[PDB]
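Engineer: What follows is a single structure, and I will ask about it in a moment.
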Amino acid sequence: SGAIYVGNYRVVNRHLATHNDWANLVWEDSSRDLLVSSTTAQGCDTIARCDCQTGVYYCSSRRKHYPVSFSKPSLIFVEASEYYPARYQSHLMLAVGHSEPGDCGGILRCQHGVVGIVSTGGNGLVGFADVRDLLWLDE
Ligand SMILES: COc1cccnc1CN1CCC[C@H](C(N)=O)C1
Ligand SMILES: [Zn+2]
């Protein structure tokens with residue numbers, strides 16, 4: 001679990017979005033595993049606008065943060081789960097690191113701000129849904 005809170009927006013994994021997220025929907029994209037909903041309170045986070053390929057992510061199944069080197073956002077095949085059919089997920093960045101399904105929502109940060117959220121993984125890999133291209137999150 002986990003979310004990004006920026007301005008009057010809440011960014012979550014689309015497959016973990018709640019009934020309240022869908023009732024206050026701003027934008028969603030199944031191919032990215034992202035959903036953004038509106039909030040009444042001002043958020044705590046800020047978004048990176050950069051090309052960093054290193055950063056630190058929070059891993060809830062270890063209660064720890066780990067440093068990672070990750071690939072640039074790209075189209076990556078993701079196997080079927082109870083949430084999606086087997087498909088290509090876009091804007092995904094892969095790294096070597098521990099992750100389990102419940103780790104989705106953990107934030108990846110670089111020195112500039114939030115980069116994305118945990119969305120995929122297994123077998124010593126962890127994948128992050130990028131949010132740096134969503135410029136409207138800041139307006
Ligand atoms: C950290 O995520 C892990 C780890 C291990 C195994 N499965 C996942 C996530 N997995 C299941 C939920 C939907 C997700 C997706 N974006 O399609 C894929
Ligand atoms: Zn950066």
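Each chain in the structure tokens gets a letter, A, B and so on, in the order shown; residues start at 1 in every chain, and ligands are counted from 1 in the order they appear.
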Select the residues contacting ligand 1 at a distance of at most 7 Å, based on only C-alpha atoms and all ligand atoms, then format the selection as a list in words.
Structural biologist: residues 15, 33, 78, 81, 83, 84, 99, 100, 101, 102, 103, 104, 118, 119, 120, 121, 122, 126 and 127 of chain A
Engineer: All residues within 9 Å of ligand 2 are required, counting only C-alpha atoms and all ligand atoms; please report them as a ChimeraX atom specification.
Structural biologist: /A:48-55,109-115
Engineer: Rounded to one decimal, what separation in Å do you get between CA of residue 20 in chain A and CA of residue 32 in chain A?
Structural biologist: 20.1 Å
Engineer: Identify all residues of range 31-94 of chain A in strand (DSSP E or B) (DSSP on the backbone) and supply them as a ChimeraX atom specification.
Structural biologist: /A:34-38,47,54-59,64-70,74-78,87-94
Engineer: So which one's closest to residue 1 in chain A, A:26, A:117, A:56, A:131? Using only C-alpha atoms, please.
Structural biologist: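 Selected residue with least distance to residue 1 in chain A: A:117.
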